[PDB]
$ cat model.pdb   # PDB, C-alpha atoms
ATOM      1  CA  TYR A  15     108.384  41.665 -85.003  1.00  0.00           C
ATOM      2  CA  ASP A  16     108.498  42.979 -81.417  1.00  0.00           C
ATOM      3  CA  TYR A  17     112.079  44.107 -80.865  1.00  0.00           C
ATOM      4  CA  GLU A  18     111.130  45.735 -77.562  1.00  0.00           C
ATOM      5  CA  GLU A  19     109.767  42.489 -76.116  1.00  0.00           C
ATOM      6  CA  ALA A  20     113.020  40.678 -76.999  1.00  0.00           C
ATOM      7  CA  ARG A  21     115.452  43.490 -76.098  1.00  0.00           C
ATOM      8  CA  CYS A  22     116.942  41.635 -73.119  1.00  0.00           C
ATOM      9  CA  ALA A  23     117.053  38.081 -74.515  1.00  0.00           C
ATOM     10  CA  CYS A  24     120.758  38.201 -75.068  1.00  0.00           C
ATOM     11  CA  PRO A  25     123.241  35.961 -73.216  1.00  0.00           C
ATOM     12  CA  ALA A  26     125.704  37.236 -70.658  1.00  0.00           C
ATOM     13  CA  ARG A  27     129.156  36.325 -69.418  1.00  0.00           C
ATOM     14  CA  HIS A  28     128.911  34.544 -66.055  1.00  0.00           C
ATOM     15  CA  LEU A  29     131.427  33.808 -63.299  1.00  0.00           C
ATOM     16  CA  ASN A  30     132.533  30.250 -62.538  1.00  0.00           C
ATOM     17  CA  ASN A  31     133.835  28.954 -59.219  1.00  0.00           C
ATOM     18  CA  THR A  32     136.000  26.171 -57.930  1.00  0.00           C
ATOM     19  CA  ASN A  33     133.042  25.034 -55.816  1.00  0.00           C
ATOM     20  CA  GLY A  34     131.016  22.836 -58.178  1.00  0.00           C
ATOM     21  CA  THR A  35     127.887  24.999 -58.317  1.00  0.00           C
ATOM     22  CA  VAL A  36     126.213  26.832 -61.148  1.00  0.00           C
ATOM     23  CA  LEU A  37     127.714  29.786 -62.931  1.00  0.00           C
ATOM     24  CA  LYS A  38     126.426  33.084 -61.566  1.00  0.00           C
ATOM     25  CA  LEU A  39     126.118  36.665 -62.752  1.00  0.00           C
ATOM     26  CA  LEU A  40     128.392  39.423 -61.477  1.00  0.00           C
ATOM     27  CA  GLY A  41     125.794  41.594 -59.839  1.00  0.00           C
ATOM     28  CA  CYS A  42     122.298  41.662 -61.266  1.00  0.00           C
ATOM     29  CA  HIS A  43     122.622  43.686 -64.464  1.00  0.00           C
ATOM     30  CA  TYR A  44     123.905  43.126 -67.973  1.00  0.00           C
ATOM     31  CA  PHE A  45     123.978  44.953 -71.304  1.00  0.00           C
ATOM     32  CA  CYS A  46     122.247  43.817 -74.474  1.00  0.00           C
ATOM     33  CA  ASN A  47     123.311  45.849 -77.509  1.00  0.00           C
ATOM     34  CA  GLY A  48     124.533  48.489 -75.075  1.00  0.00           C
ATOM     35  CA  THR A  49     121.180  48.773 -73.273  1.00  0.00           C
ATOM     36  CA  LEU A  50     120.610  47.982 -69.603  1.00  0.00           C
ATOM     37  CA  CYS A  51     118.891  44.738 -68.625  1.00  0.00           C
ATOM     38  CA  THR A  52     118.157  43.311 -65.186  1.00  0.00           C
ATOM     39  CA  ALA A  53     118.454  39.658 -64.230  1.00  0.00           C
ATOM     40  CA  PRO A  54     115.218  38.030 -63.052  1.00  0.00           C
ATOM     41  CA  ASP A  55     114.372  37.920 -59.367  1.00  0.00           C
ATOM     42  CA  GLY A  56     116.021  34.894 -57.753  1.00  0.00           C
ATOM     43  CA  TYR A  57     118.834  34.586 -60.291  1.00  0.00           C
ATOM     44  CA  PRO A  58     122.192  33.541 -58.743  1.00  0.00           C
ATOM     45  CA  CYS A  59     124.781  36.272 -58.457  1.00  0.00           C
ATOM     46  CA  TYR A  60     128.060  37.312 -56.891  1.00  0.00           C
ATOM     47  CA  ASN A  61     128.256  40.476 -54.790  1.00  0.00           C
ATOM     48  CA  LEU A  62     131.860  41.685 -54.974  1.00  0.00           C
ATOM     49  CA  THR A  63     133.376  44.673 -53.209  1.00  0.00           C
ATOM     50  CA  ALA A  64     134.694  47.642 -55.147  1.00  0.00           C
ATOM     51  CA  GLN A  65     138.204  46.507 -54.229  1.00  0.00           C
ATOM     52  CA  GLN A  66     137.564  42.946 -55.433  1.00  0.00           C
ATOM     53  CA  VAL A  67     136.161  43.849 -58.845  1.00  0.00           C
ATOM     54  CA  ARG A  68     139.401  45.638 -59.813  1.00  0.00           C
ATOM     55  CA  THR A  69     141.225  42.310 -59.667  1.00  0.00           C
ATOM     56  CA  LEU A  70     138.505  39.983 -60.994  1.00  0.00           C
ATOM     57  CA  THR A  71     140.116  37.921 -63.769  1.00  0.00           C
ATOM     58  CA  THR A  72     139.740  34.443 -65.277  1.00  0.00           C
ATOM     59  CA  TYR A  73     141.440  32.902 -62.193  1.00  0.00           C
ATOM     60  CA  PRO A  74     140.225  33.057 -58.582  1.00  0.00           C
ATOM     61  CA  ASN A  75     141.862  35.431 -56.124  1.00  0.00           C
ATOM     62  CA  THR A  76     139.787  35.946 -52.947  1.00  0.00           C
ATOM     63  CA  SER A  77     136.434  34.718 -51.628  1.00  0.00           C
ATOM     64  CA  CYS A  78     133.277  35.913 -53.401  1.00  0.00           C
ATOM     65  CA  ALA A  79     129.919  36.460 -51.674  1.00  0.00           C
ATOM     66  CA  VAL A  80     127.074  34.489 -53.262  1.00  0.00           C
ATOM     67  CA  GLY A  81     123.637  36.023 -53.451  1.00  0.00           C
ATOM     68  CA  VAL A  82     120.350  36.145 -55.320  1.00  0.00           C
ATOM     69  CA  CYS A  83     118.971  38.961 -57.452  1.00  0.00           C
ATOM     70  CA  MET A  84     116.168  40.963 -55.828  1.00  0.00           C
ATOM     71  CA  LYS A  85     114.869  43.915 -57.890  1.00  0.00           C
ATOM     72  CA  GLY A  86     118.323  44.393 -59.391  1.00  0.00           C
ATOM     73  CA  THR A  87     120.328  44.056 -56.153  1.00  0.00           C
ATOM     74  CA  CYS A  88     122.542  41.020 -55.481  1.00  0.00           C
ATOM     75  CA  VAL A  89     121.503  40.179 -51.924  1.00  0.00           C
ATOM     76  CA  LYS A  90     124.050  38.048 -50.074  1.00  0.00           C
ATOM     77  CA  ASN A  91     123.004  34.695 -48.642  1.00  0.00           C
ATOM     78  CA  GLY A  92     126.084  33.927 -46.512  1.00  0.00           C
ATOM     79  CA  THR A  93     127.768  31.439 -48.825  1.00  0.00           C
ATOM     80  CA  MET A  94     131.273  32.206 -50.120  1.00  0.00           C
ATOM     81  CA  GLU A  95     132.809  30.750 -53.305  1.00  0.00           C
ATOM     82  CA  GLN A  96     136.125  31.210 -55.113  1.00  0.00           C
ATOM     83  CA  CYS A  97     134.799  32.853 -58.244  1.00  0.00           C
ATOM     84  CA  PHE A  98     136.423  33.858 -61.515  1.00  0.00           C
ATOM     85  CA  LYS A  99     135.457  34.960 -65.006  1.00  0.00           C
ATOM     86  CA  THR A 100     134.788  32.400 -67.678  1.00  0.00           C
ATOM     87  CA  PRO A 101     137.158  32.999 -70.644  1.00  0.00           C
TER      88      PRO A 101
ATOM     89  CA  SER B   4     132.894  22.298 -71.534  1.00  0.00           C
ATOM     90  CA  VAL B   5     132.016  25.332 -69.396  1.00  0.00           C
ATOM     91  CA  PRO B   6     129.791  27.774 -71.336  1.00  0.00           C
ATOM     92  CA  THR B   7     131.315  31.205 -71.872  1.00  0.00           C
ATOM     93  CA  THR B   8     127.845  32.784 -71.697  1.00  0.00           C
ATOM     94  CA  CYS B   9     124.559  31.734 -70.140  1.00  0.00           C
ATOM     95  CA  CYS B  10     120.968  32.700 -70.833  1.00  0.00           C
ATOM     96  CA  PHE B  11     118.645  34.215 -68.244  1.00  0.00           C
ATOM     97  CA  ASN B  12     116.027  35.943 -70.390  1.00  0.00           C
ATOM     98  CA  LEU B  13     114.472  33.754 -73.086  1.00  0.00           C
ATOM     99  CA  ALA B  14     112.806  35.201 -76.180  1.00  0.00           C
ATOM    100  CA  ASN B  15     109.188  34.066 -76.138  1.00  0.00           C
ATOM    101  CA  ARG B  16     108.175  35.305 -79.593  1.00  0.00           C
ATOM    102  CA  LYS B  17     109.285  33.739 -82.863  1.00  0.00           C
ATOM    103  CA  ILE B  18     112.340  35.145 -84.663  1.00  0.00           C
ATOM    104  CA  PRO B  19     111.763  35.232 -88.460  1.00  0.00           C
ATOM    105  CA  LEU B  20     113.674  32.440 -90.184  1.00  0.00           C
ATOM    106  CA  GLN B  21     115.153  34.908 -92.686  1.00  0.00           C
ATOM    107  CA  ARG B  22     117.019  36.639 -89.824  1.00  0.00           C
ATOM    108  CA  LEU B  23     118.701  33.475 -88.541  1.00  0.00           C
ATOM    109  CA  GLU B  24     122.269  32.462 -89.331  1.00  0.00           C
ATOM    110  CA  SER B  25     123.128  29.665 -86.896  1.00  0.00           C
ATOM    111  CA  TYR B  26     122.453  28.250 -83.452  1.00  0.00           C
ATOM    112  CA  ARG B  27     124.115  26.522 -80.531  1.00  0.00           C
ATOM    113  CA  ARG B  28     122.563  24.586 -77.661  1.00  0.00           C
ATOM    114  CA  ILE B  29     123.446  25.485 -74.080  1.00  0.00           C
ATOM    115  CA  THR B  30     122.868  22.134 -72.353  1.00  0.00           C
ATOM    116  CA  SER B  31     125.435  22.259 -69.529  1.00  0.00           C
ATOM    117  CA  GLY B  32     123.985  21.753 -66.098  1.00  0.00           C
ATOM    118  CA  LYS B  33     126.475  24.418 -64.989  1.00  0.00           C
ATOM    119  CA  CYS B  34     124.372  27.290 -66.478  1.00  0.00           C
ATOM    120  CA  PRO B  35     121.418  28.266 -64.256  1.00  0.00           C
ATOM    121  CA  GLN B  36     119.061  27.478 -67.130  1.00  0.00           C
ATOM    122  CA  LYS B  37     119.283  25.641 -70.443  1.00  0.00           C
ATOM    123  CA  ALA B  38     118.771  27.532 -73.672  1.00  0.00           C
ATOM    124  CA  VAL B  39     119.199  27.670 -77.421  1.00  0.00           C
ATOM    125  CA  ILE B  40     121.264  30.620 -78.639  1.00  0.00           C
ATOM    126  CA  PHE B  41     120.408  31.798 -82.131  1.00  0.00           C
ATOM    127  CA  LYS B  42     122.928  33.906 -84.002  1.00  0.00           C
ATOM    128  CA  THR B  43     121.309  36.358 -86.413  1.00  0.00           C
ATOM    129  CA  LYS B  44     122.667  37.682 -89.675  1.00  0.00           C
ATOM    130  CA  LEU B  45     123.575  40.886 -87.829  1.00  0.00           C
ATOM    131  CA  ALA B  46     125.755  38.650 -85.586  1.00  0.00           C
ATOM    132  CA  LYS B  47     123.589  39.167 -82.499  1.00  0.00           C
ATOM    133  CA  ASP B  48     122.838  36.323 -80.095  1.00  0.00           C
ATOM    134  CA  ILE B  49     119.257  35.715 -78.970  1.00  0.00           C
ATOM    135  CA  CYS B  50     118.357  33.290 -76.179  1.00  0.00           C
ATOM    136  CA  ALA B  51     115.326  31.060 -76.670  1.00  0.00           C
ATOM    137  CA  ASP B  52     113.557  28.254 -74.805  1.00  0.00           C
ATOM    138  CA  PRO B  53     114.274  24.812 -76.340  1.00  0.00           C
ATOM    139  CA  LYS B  54     110.719  23.812 -75.334  1.00  0.00           C
ATOM    140  CA  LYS B  55     108.890  26.090 -77.813  1.00  0.00           C
ATOM    141  CA  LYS B  56     107.849  24.548 -81.147  1.00  0.00           C
ATOM    142  CA  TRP B  57     109.192  27.537 -83.095  1.00  0.00           C
ATOM    143  CA  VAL B  58     112.617  27.044 -81.511  1.00  0.00           C
ATOM    144  CA  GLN B  59     112.742  23.363 -82.485  1.00  0.00           C
ATOM    145  CA  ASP B  60     111.515  24.161 -86.001  1.00  0.00           C
ATOM    146  CA  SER B  61     114.056  26.958 -86.433  1.00  0.00           C
ATOM    147  CA  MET B  62     116.772  24.529 -85.404  1.00  0.00           C
ATOM    148  CA  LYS B  63     115.542  22.043 -88.026  1.00  0.00           C
ATOM    149  CA  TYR B  64     115.508  24.807 -90.645  1.00  0.00           C
ATOM    150  CA  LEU B  65     119.075  25.847 -89.830  1.00  0.00           C
ATOM    151  CA  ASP B  66     120.176  22.202 -89.884  1.00  0.00           C
ATOM    152  CA  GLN B  67     118.904  22.093 -93.475  1.00  0.00           C
ATOM    153  CA  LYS B  68     120.609  25.372 -94.424  1.00  0.00           C
TER     154      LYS B  68
END
$ encode --input "model.pdb" --output "structure tokens"
Amino acid sequence: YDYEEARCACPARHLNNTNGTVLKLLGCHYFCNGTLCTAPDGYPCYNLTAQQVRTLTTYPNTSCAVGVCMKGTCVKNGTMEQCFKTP
Amino acid sequence: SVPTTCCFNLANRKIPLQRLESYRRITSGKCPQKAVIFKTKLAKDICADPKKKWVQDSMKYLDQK
């Protein structure tokens, strides 16, 4: 069995929104078994400020910048959504 | 109704049946992509593509277990 090939096939907690669009990743990275994985290019993400992430909870608070993952960076596309953690 | 995790990297290669404990289907159109999540006996979750034959067969096997 190839553990290395499957190292990043684990699920990840996403952020919801009150906007009726898909769930999106916070940023473009996630851990699997404590190891770093990168979301695929084009994956939907939220780019939050350092101030915003301190108060990111399971309820919305302020507007969140939507983006897409590009080589591990969540690049903003101009759209704003009211995002929050799924439970 | 809203999935608490979503899959964005799907395991292409077969997971041995002896390692599998259970599965759940992520079918919500609210995740960016649909997936099957297998839970292993070590309690790890592994994302897989519901369109692979081995995924469908592993689901049938676990249904019989």
$ residues_around --input "model.pdb" --residues "residue 21 in chain B" --least-positions-apart "2" --cutoff "10 Å" --atoms "all atoms listed in the file" --output "PyMOL selection string"
chain B and resi 18-19+23-24+43-44
$ interface_residues --input "model.pdb" --of "chain B" --to "chain A" --cutoff "10 Å" --atoms "only C-alpha atoms" --output "mmCIF file with C-alpha atoms, in the coordinates of the input"
data_model
loop_
_atom_site.group_PDB
_atom_site.id
_atom_site.type_symbol
_atom_site.label_atom_id
_atom_site.label_comp_id
_atom_site.auth_asym_id
_atom_site.auth_seq_id
_atom_site.Cartn_x
_atom_site.Cartn_y
_atom_site.Cartn_z
ATOM 1 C CA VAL B 5 132.016 25.332 -69.396
ATOM 2 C CA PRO B 6 129.791 27.774 -71.336
ATOM 3 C CA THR B 7 131.315 31.205 -71.872
ATOM 4 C CA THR B 8 127.845 32.784 -71.697
ATOM 5 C CA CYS B 9 124.559 31.734 -70.140
ATOM 6 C CA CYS B 10 120.968 32.700 -70.833
ATOM 7 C CA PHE B 11 118.645 34.215 -68.244
ATOM 8 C CA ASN B 12 116.027 35.943 -70.390
ATOM 9 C CA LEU B 13 114.472 33.754 -73.086
ATOM 10 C CA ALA B 14 112.806 35.201 -76.180
ATOM 11 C CA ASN B 15 109.188 34.066 -76.138
ATOM 12 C CA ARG B 16 108.175 35.305 -79.593
ATOM 13 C CA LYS B 17 109.285 33.739 -82.863
ATOM 14 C CA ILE B 18 112.340 35.145 -84.663
ATOM 15 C CA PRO B 19 111.763 35.232 -88.460
ATOM 16 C CA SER B 31 125.435 22.259 -69.529
ATOM 17 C CA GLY B 32 123.985 21.753 -66.098
ATOM 18 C CA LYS B 33 126.475 24.418 -64.989
ATOM 19 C CA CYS B 34 124.372 27.290 -66.478
ATOM 20 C CA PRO B 35 121.418 28.266 -64.256
ATOM 21 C CA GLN B 36 119.061 27.478 -67.130
ATOM 22 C CA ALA B 38 118.771 27.532 -73.672
ATOM 23 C CA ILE B 40 121.264 30.620 -78.639
ATOM 24 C CA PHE B 41 120.408 31.798 -82.131
ATOM 25 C CA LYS B 47 123.589 39.167 -82.499
ATOM 26 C CA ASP B 48 122.838 36.323 -80.095
ATOM 27 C CA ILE B 49 119.257 35.715 -78.970
ATOM 28 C CA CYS B 50 118.357 33.290 -76.179
ATOM 29 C CA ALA B 51 115.326 31.060 -76.670
#
$ atom_distance --input "model.pdb" --atom1 "CA of residue 98 in chain A" --atom2 "CA of residue 71 in chain A"
5.9 Å
$ atom_distance --input "model.pdb" --atom1 "CA of residue 63 in chain A" --atom2 "CA of residue 37 in chain B"
29.3 Å
$ resolve_selection --input "model.pdb" --expression "the PyMOL selection byres ((chain A and resi 75) around 12)" --output "number ranges by chain"
A: 31-32, 62, 65-74, 76-78, 95-99
$ closest_residue --input "model.pdb" --among "A:33, A:18, A:40, A:92" --to "residue 61 in chain A" --atoms "all atoms listed in the file"
A:40
$ atom_distance --input "model.pdb" --atom1 "CA of residue 44 in chain A" --atom2 "CA of residue 30 in chain B"
21.5 Å
$ axis_aligned_box --input "model.pdb" --around "range 71-83 of chain A" --padding-each-side "8 Å" --output "AutoDock Vina command-line options"
--center_x 130.4 --center_y 35.9 --center_z -58.5 --size_x 38.9 --size_y 22.1 --size_z 29.6
$ residues_around --input "model.pdb" --residues "residue 82 in chain A" --least-positions-apart "6" --cutoff "9 Å" --atoms "all atoms listed in the file" --output "PyMOL selection string"
chain A and resi 41-42+55-60+88-91
$ decode --input "model.pdb" --residues "range 34-51 of chain B" --atoms "C-alpha atoms" --output "compact mmCIF listing (two decimals), in the first residue's frame"
# COMPACT_ATOMS: atom_id res chain seq x y z
CA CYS B 34 -19.30 20.80 -0.64
CA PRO B 35 -17.10 21.78 -3.61
CA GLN B 36 -16.89 18.12 -4.60
CA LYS B 37 -18.74 14.92 -3.73
CA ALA B 38 -16.90 12.11 -2.01
CA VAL B 39 -17.06 8.91 0.00
CA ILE B 40 -15.30 9.11 3.37
CA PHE B 41 -13.97 5.80 4.63
CA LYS B 42 -13.18 5.46 8.32
CA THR B 43 -10.34 3.03 9.00
CA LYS B 44 -9.81 0.84 12.03
CA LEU B 45 -7.25 3.38 13.24
CA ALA B 46 -10.14 5.92 13.17
CA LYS B 47 -8.67 7.92 10.29
CA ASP B 48 -10.85 9.34 7.52
CA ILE B 49 -9.85 8.83 3.89
CA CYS B 50 -11.58 10.60 1.01
CA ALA B 51 -12.32 8.59 -2.13
